[PDB]
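Here's the structure, in C-alpha cells; my notes come after.
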Amino acid sequence: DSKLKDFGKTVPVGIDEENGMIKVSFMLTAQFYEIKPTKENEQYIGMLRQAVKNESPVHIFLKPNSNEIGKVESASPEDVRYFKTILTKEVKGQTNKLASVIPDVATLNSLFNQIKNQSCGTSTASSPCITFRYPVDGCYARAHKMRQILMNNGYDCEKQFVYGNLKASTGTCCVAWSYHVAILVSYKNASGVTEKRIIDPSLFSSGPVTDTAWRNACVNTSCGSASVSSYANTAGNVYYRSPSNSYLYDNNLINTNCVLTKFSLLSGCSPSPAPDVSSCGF
C-alpha cells in the first residue's frame, strides 16, 4: 500500500530469530531486515520462510524509514520466471582471456594502489568512483568494480563471499551485514608459490590482507554479536552468490556502475537502510 514503503521484489535468502525479532536477509543487498513474530505477522513470516527454502521471490513492503517489514505479498509468475533467469545455476565463464595469477607482489601492490586511487573522496578517482567510504551496503558493486580494474590490467581474480551475522567497524561507526564480498587475488610470492590476498579498502586501507584477517574484520564484536556461518570462493565474474550457490552476473557492469553512482556522495554508516537501487537493472 501507499502507507508502506515499496521495496520491490526480491528473493529472501536467510531467516532466523534473534532477540524476539525475525531477521531476514535478501539477495544482493547485505542489509538485514526485521519482522516481529506476532500473530498478525505469522503468515508474512511463513511466506518468507518458504521463499527462503525455495529461493523464490516475494514482494516486500517496509515500515517507512526503517528496515522493518510491514507486509509481504506473493510474486507473479513473471517475477518467478525473471528471478530464475538472473539468479541462476547456469555457470558462465569469463569470455576474454586474462591471467588468473598476478606475477609478483610488486604488481599486486600496484593493483592495490590503482584500486584505492579509485575511492570516492580522492582526487585520483574517475566516475563512478568506488564507494569504499560508505560501508552500509553495495559490497557487491565495489567488488565488481575492483575486478574491472584488475581486468583493465590484464588480470582476473576470484570473489570471496562470507556470510553470517556480520558486523564491521570503520573505526568510528558500525554496520551490520548478512554477507560481505571482496576480490580474492592470486599472486606469485618471492619463491614462485601462489598465494592469495583479499583487496578491500572498505575494511583495510593499508594494502591486501589474508582472507582470514578479512573475515575476522567482518565479525567485529566491538559492534555487537557477530559470527560467520559460511564462506565460498567463486570465479571473479560472479556478481553475487546466494547461500544456495546460485549466481547472479553483471557482465557489463550495468548494475555496478548504477549502484556506485547512487551511493557516490554517501559516506559513513548512514543512511541505513541504504537508498533504493532496485531501478538499477542488468
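FYI, the numbering just counts along the sequence from 1. All values below were derived from every heavy atom in this structure, side-chain atoms included, with hydrogens, water molecules and symmetry-related copies excluded.
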Notebook entry, point to check: Under 4.5 Å between side-chain heavy atoms, hopping through other hydrophobics if needed: is there a path connecting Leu248 to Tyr231?
Noted result: yes

Notebook entry, point to check: Does the side chain of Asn165 pick up a donor-acceptor pair with the side chain of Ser227 at under 3.5 Å?
Noted result: no

Next item on the list: Would you list the pairs meeting ring-ring contact (aromatic ring centres under 6.0 Å, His included) in which at least one residue belongs to residues 261-282, sequence neighbours left out?
Entry: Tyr134-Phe263

Item checked: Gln118 side chain vs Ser126 backbone, donor-acceptor pair below 3.5 Å -> yes

Next item on the list: Flag the pair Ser186 / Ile102 as yes when at least one side-chain heavy-atom distance between them is below 4.5 Å, and no otherwise.
Entry: no

Check: Would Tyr44 and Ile35 satisfy side-chain contact (heavy atoms from CB on, under 4.5 Å), going step by step from the backbone distance to the final call?
Finding: CA-CA 9 Å; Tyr44 299 147; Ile35 182 170; 3.9 Å; yes

Notebook entry, point to check: Would a distance-only check, ignoring hydrogens and angles, find a side-chain to backbone donor-acceptor pair under 3.5 Å from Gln31 to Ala274?
Noted result: yes

Next item on the list: Look only at the side chain of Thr256 and the backbone of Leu253, and say whether a donor-acceptor pair between them is shorter than 3.5 Å.
Entry: no

Margin query: Is it true that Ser110 and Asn113 share a donor-acceptor pair across their side chains at a distance under 3.5 Å?
Written below: no

Next item on the list: Can you sort out the partners of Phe7 under ring pair (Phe, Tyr, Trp, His ring centres under 6.0 Å), two or more places apart, ordered by chain and number?
Entry: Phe26, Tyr33

Check: Between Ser202 and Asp200, is any side-chain donor less than 3.5 angstrom from a side-chain acceptor?
Finding: yes

Check: Are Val175 and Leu260 connected, step by step, through hydrophobic side chains (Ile, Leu, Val, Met, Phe, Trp, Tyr) whose heavy atoms are closer than 4.5 Å?
Finding: no

Margin query: Between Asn153 and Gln114, does the side-chain contact (heavy atoms from CB on, under 4.5 Å) criterion hold? Intermediate values first, please.
Written below: CA-CA 10 Å; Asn153 284 256; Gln114 292 181 55; 2.9 Å; yes

Next item on the list: Answer yes or no: is there a side-chain heavy-atom contact under 4.5 Å between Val91 and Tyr249?
Entry: yes

Notebook entry, point to check: Distance only, no hydrogens: is a donor on one side chain within 3.5 Å (strictly under) of an acceptor on the other, for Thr234 and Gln160?
Noted result: no

Checklist line | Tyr163 backbone acceptor or donor facing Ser229 side chain under 3.5 Å | finding: yes

Next item on the list: Assess whether side-chain contact (heavy atoms from CB on, under 4.5 Å) is satisfied between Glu55 and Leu87, documenting all intermediate values.
Entry: CA-CA 9 Å; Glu55 193 171 79; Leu87 187 57; 3.6 Å; yes

Check: Judged by modelled atom types alone, do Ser100 and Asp156 share a side-chain donor-acceptor pair under 3.5 Å?
Finding: no

Next item on the list: Answer with yes or no whether the hydrophobic clustering places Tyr82 together with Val11; edges join I, L, V, M, F, W, Y residues whose side-chain heavy atoms lie under 4.5 Å apart.
Entry: yes

Notebook entry, point to check: With side chains defined as the heavy atoms from C-beta onward, is the minimum distance between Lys196 and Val185 less than 4.5 Å?
Noted result: no

Notebook entry, point to check: Does one side chain, of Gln94 or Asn237, offer a donor that lies under 3.5 Å from an acceptor on the other?
Noted result: no

Margin query: Between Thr221 (side chain only) and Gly224 (backbone N and O only), is there a donor and an acceptor less than 3.5 Å apart?
Written below: no

Check: Which residues satisfy the side-chain hydrogen bond (donor to acceptor under 3.5 Å, both in side chains) test with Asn54, sequence neighbours excluded?
Finding: none

Next item on the list: Please check if the side chain of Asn252 supplies one atom and the backbone of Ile254 the other of a donor-acceptor pair under 3.5 Å.
Entry: no

Margin query: Does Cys280 form a disulfide bond (SG atoms under 2.5 Å apart) with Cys258? I'd like the steps, not just the answer.
Written below: CA-CA 6 Å; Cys280 301; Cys258 184; 2.0 Å; yes

Checklist line | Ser76 side-chain N/O to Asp79 backbone N/O, donor-acceptor pair under 3.5 Å | finding: yes

Item checked: Non-hydrogen side-chain atoms of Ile69 and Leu48 separated by less than 4.5 Å -> yes

Margin query: Measuring only between side-chain heavy atoms, which start at C-beta, is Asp6 closer than 4.5 Å to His59?
Written below: yes

Next item on the list: Return yes if a side-chain donor-acceptor contact under 3.5 Å exists between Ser246 and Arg241, otherwise no.
Entry: no

Next item on the list: Answer yes or no: is there a side-chain heavy-atom contact under 4.5 Å between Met27 and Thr10?
Entry: yes

Next item on the list: Return yes if some donor-acceptor pair links the side-chain N/O of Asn255 with the main-chain N/O of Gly281 below 3.5 Å, else return no.
Entry: yes

Item checked: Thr210-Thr212 side chain donor-acceptor pair, cut-off 3.5 Å -> no

Next item on the list: Please round to the nearest 0.5 Å and tell me the distance separating atom OG1 of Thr107 and atom CG of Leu111.
Entry: 6.5 Å

Next item on the list: Answer yes or no: is there a side-chain heavy-atom contact under 4.5 Å between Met21 and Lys36?
Entry: yes

Notebook entry, point to check: Can a donor-acceptor pair be found between the side chains of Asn257 and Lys145 at a distance below 3.5 Å?
Noted result: yes

Next item on the list: Go through the structure and list residues passing ring pair (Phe, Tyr, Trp, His ring centres under 6.0 Å) with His180, not counting sequence neighbours.
Entry: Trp177, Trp214

Margin query: Using modelled atom types and a 3.5 Å cut-off, is there a donor and acceptor pairing between side-chain atoms of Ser66 and backbone atoms of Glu68?
Written below: yes

Checklist line | Gap between atom OG1 of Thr124 and atom CG of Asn117 - 0.5 Å precision | finding: 4.0 Å

Margin query: Test of understanding: with side-chain hydrogen bond (donor to acceptor under 3.5 Å, both in side chains), list the residues that count as partners of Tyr155, not counting sequence neighbours.
Written below: none

Next item on the list: Kindly indicate whether the side chain of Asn96, heavy atoms from C-beta on, has any atom under 4.5 Å from the side chain of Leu98.
Entry: yes

Margin query: Between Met151 and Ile130, is there shared hydrophobic-cluster membership here, with clusters defined by ILVMFWY side-chain heavy atoms closer than 4.5 Å?
Written below: no

Item checked: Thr88 side chain to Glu90 backbone, donor-acceptor under 3.5 Å -> yes

Check: How would you list, by chain and number, every residue that makes a ring pair (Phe, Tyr, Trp, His ring centres under 6.0 Å) with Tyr239, sequence neighbours excluded?
Finding: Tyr140, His144

Check: Once you find the SG atom in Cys174 and the one in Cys269, is the distance between them below 2.5 Å?
Finding: no

